[PDB]
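This text opens with one protein chain seen in two forms, each one given by itself as structure tokens under the names structure 1 and structure 2.
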Structure 1
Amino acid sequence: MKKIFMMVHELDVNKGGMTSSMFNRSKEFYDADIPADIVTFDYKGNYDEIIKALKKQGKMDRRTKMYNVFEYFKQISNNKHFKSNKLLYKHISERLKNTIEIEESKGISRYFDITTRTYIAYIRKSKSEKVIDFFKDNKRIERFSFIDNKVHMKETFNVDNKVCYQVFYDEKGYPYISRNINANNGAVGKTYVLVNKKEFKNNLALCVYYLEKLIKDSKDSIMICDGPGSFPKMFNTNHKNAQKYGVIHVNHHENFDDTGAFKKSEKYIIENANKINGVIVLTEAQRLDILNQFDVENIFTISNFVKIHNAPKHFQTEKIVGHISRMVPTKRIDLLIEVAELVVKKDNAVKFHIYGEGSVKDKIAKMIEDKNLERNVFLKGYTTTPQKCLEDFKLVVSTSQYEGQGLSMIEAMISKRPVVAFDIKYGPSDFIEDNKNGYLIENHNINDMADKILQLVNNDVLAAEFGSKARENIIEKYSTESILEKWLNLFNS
């Protein structure tokens, strides 16, 4: 009866909390006999390989389907032919016939016509990927992109060598979508779906049509929008019965802002709460802040579902401080390096294991070296097994300035690893009980945080006691039953 469609930009293998919560939410709805699938809107040439990898890793439940806008029309297109598009491949081969090949490296080569003496093509082969750039009067006109020698995309270039047009090709090499690209901002213009002879004014129009085709207009159909920038796709559909929910995963205020500004995407979701079935926030404090600040009522608090597995059989007695996150500015890993410097200057035995990848990773690497912490702080890369990494840590640290909730802190507490976190909006004070299951540090206070890490790393009994109470607190306050009943209460009203 009930079926759920959870919307986000894309799915990939080295992501953070938002997709992690969608994957766990899907598992919980399927266990309660409610199919809950993921709808994505990006274009990938190898989506089938991403899905298999996420499922093999155990991140994505085997029952979770991913519905993708390009995949839907590509699959319709695949059914149209039996034979591969031999003529497109013959056309490409003919344009390279009667040329001079000039090799630059392995995989890289250039082609010059024997008669016109001019530069025809550039080919770059790396692994399973191939790119063929064609030229006219020493200017790049087009690029054909291949995966396992099969064309998947053609891009056209303007005078400034910027993308002005794209064509997507199915599994047999036939075009199924063609679209204009505004080279000034990279936005998608008029899109033509060759397979059904339908044209759309832009990508949002295509995505709105797609959702109306995918999701039947029944009260049993439930749309949950997780990706904030994706909210207009769900919001603009013509559904009269299907339910619409927006989940806000972050602090709705603008990050690194003293003017009090609100994030644009989240502001649009909140302001439109009364026009949909509900806008979900992860903590009670955010719901109250929103209600005080905005003229809306449809704000509901529903925590992320929590996966309570078995606690690691042994406590880490070694001075290992862990940190598992997306390496992004809001996590303030620079403050963690500054804290590490203080902890290491009072105790040189304490190790800091930092997992993840992101924009700040290089800045942080240079920062450890400049502070000469290369013997104590280790950038361990992304982990597909955070639960196993958690066993190696004595405690976990959070210098993050903004959260919606904080699954890594919650995950550490489930593995009996106490958290030392800056008391920020939102999340830490909901689950950390200061001096009972961890420590809540006054925001920016790097000295008091360094002091609490030192007390904790050098006290085996306190570290074990805090961790034990931490798992107990999560089990008690984040039951799957109460969270599922909160969602069911909305779906049934």
Structure 2
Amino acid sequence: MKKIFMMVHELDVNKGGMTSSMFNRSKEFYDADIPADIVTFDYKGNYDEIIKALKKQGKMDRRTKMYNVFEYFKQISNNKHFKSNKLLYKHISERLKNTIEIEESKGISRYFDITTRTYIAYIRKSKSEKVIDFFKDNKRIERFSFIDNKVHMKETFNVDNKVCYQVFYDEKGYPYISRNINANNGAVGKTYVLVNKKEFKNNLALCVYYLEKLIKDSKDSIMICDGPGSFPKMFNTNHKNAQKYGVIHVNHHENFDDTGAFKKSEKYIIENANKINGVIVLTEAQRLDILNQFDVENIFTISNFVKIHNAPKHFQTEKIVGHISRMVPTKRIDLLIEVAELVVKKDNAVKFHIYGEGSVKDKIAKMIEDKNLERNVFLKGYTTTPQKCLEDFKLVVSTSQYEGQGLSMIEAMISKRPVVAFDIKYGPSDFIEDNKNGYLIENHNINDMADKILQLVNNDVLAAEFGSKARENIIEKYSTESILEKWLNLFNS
């Protein structure tokens, strides 16, 4: 009788970390016979294709559903009609009646009225996608978006050529939702659900009503909000029996901040912990800190579910140090380069393998060139199989400054690869036992980190013992059975 609704703004094939957490939590909750589906709030004309792709990938469990605010009212309109809205298509054909086609490409074409010479429409076709832009006195006023020759969206433009209004059409061509867009920022204003006849102030108000409609108000209906920006959608509902939980996936203090400010969305989630069933944080250190920083007590520590794959058959004897992450500023790959330079200066043999892609990639590539670390530091690009890459490492490293837990570090430990990491807020101290299953470095101490890398990289006996103890610890501390027990304990409170 228990059912779970997991909130996040959107799902997409590129996304990772928070979605991957939600995807596995769903798999685990479904395995424990508690359906755990995902609720999204954005609009995408191709959501069916995206969900099919995430499932084929093996990323999203087949059992996992995605409820979407738009998709829900879309299927209500689909059942509401049997015949297509031929009147909209005819209205479009009549606009391009006395035209003459002038191409630019295969799909790309411009249409002009042969009796006036006025620019009327721009049409761009791309296999499944088609966009029709309509003009008045040489300026774009409208846009009809198509998938498989069926209209799904109409956008209204202003004098400055920004979208000021949107309409969403069902599979038969019927407008089910319409809304105002504030030109300057792109904020969702006044909304109209045509399928139900109802009207809302903004997207917040719509999604609040939608959650009140999707989720039955009973003790067995559980709302878990992962997306920090979409916490007000869960928070503001009228539900009086249904459970309300917030998951914080990051460190709550602002990144690269010396003022000591908190992340705004997280600050709000936190402040309102007593007013809901609870707020989940990944590590005990985060919870303790939150309790001393805020006048709130309803904070719970539940590590994210951990996937314990079998360990590599063989340990790596070769002096290979691994780093698998998104190439982003918080990861501090600049500090890993500064450490690599210190490591390679004392030992020529050691090699650094850095997997991933992102914003810092070019700044780090040029950094290897300056420090003449070409023969020892390798940017290997993105990996679809980090588990396989891990087999090839003697140890794993983390220069990251900010984390909620640090899943790559946990992943490395599962694959019997010890971690040498900066002792940051939050995560490394939760799972690394210094001088037993890896090393905890004083944050920014590039020299002490370099030392422990050299010690572990040149000791085949220490590397295998730290690796084997790293795996045993993840199994002991983050067992699926213990994590599910913590969640259940809250659901049954």
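By convention here, residues take numbers in order along the sequence of structure 1, the first being 1. Heads up, when I say rigid core I mean the largest set of C-alphas that superpose within 1.5 Å between the two forms.
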Fill in the blank from the handout: A Cα shift of 2 Å or more between structure 1 and structure 2, after fitting the rigid core, is seen among 272, 301, 383, 293 only at 383
Exercise for the section: Determine whether the C-alpha of residue 9 shifts by 2 Å or more between structure 1 and structure 2 once the rigid core is superposed. Expected result: no
Practice task
Compare the position of the CA of residue 457 between structure 1 and structure 2 after a rigid core fit and state whether the shift reaches 2 Å.
Solution key: yes
Exercise for the section: Kindly check if the Cα atom of residue 418 is displaced 2 angstroms or more between structure 1 and structure 2 relative to the superposed rigid core. Expected result: yes
Problem - between structure 1 and structure 2, how far the Cα of residue 362 shifts once the core is aligned, in Å - result: 5.9
Handout entry: Per-residue C-alpha deviation between structure 1 and structure 2 [residue 284; rigid core superposition; Å]
Key = 0.6
Practice task
Keeping the rigid core fixed, work out how far the Cα of residue 183 travels between structure 1 and structure 2, to one decimal in Å.
Solution key: 1.0
